[PDB]
Amino acid sequence: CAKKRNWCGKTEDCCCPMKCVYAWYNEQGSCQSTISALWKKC
């Protein structure tokens, strides 16, 4: 699992509700609690 502010990439997954998200100039993305994560409340 990964924590918030953690660069995303290959298979790994984050710690709900944290989900791989995208930034801007860094497609790397980062694990951040997404609103849709509510439907899957960790």
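Note: ideal-geometry Cβ built from the backbone for every residue, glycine included; neighbour counts use all protein chains shown. What follows draws every value from the coordinates through simple rules; no lab data is involved.
Run the numbers for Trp39 and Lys10: contour at 0.36 nm per residue of separation, minus the present Cα-Cα distance, in nm.
Going from the current span to full extension adds 8.1 nm.
Would you kindly derive the ³J(HN,Hα) couplings of segment 31-42 from the backbone phi angles with the Karplus curve 6.51 cos²θ - 1.76 cosθ + 1.60 (θ = phi - 60°), listing them in order in whole Hz, with x for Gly and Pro?
6, 8, 3, 8, 4, 4, 4, 4, 4, 10, 2, 3
So which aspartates and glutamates can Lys4 reach, going by Cα to Cα under 15 Å and dropping same-chain residues fewer than 8 places off?
Reachable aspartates and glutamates: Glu12, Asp13.
Filter the chymotrypsin sites (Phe, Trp or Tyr not before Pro) in the chain down to the DSSP loop ones having no more than 15 other Cβ atoms within 10 Å, then list what survives.
Passing both the DSSP loop test and the Cβ count: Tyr22, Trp24, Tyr25.
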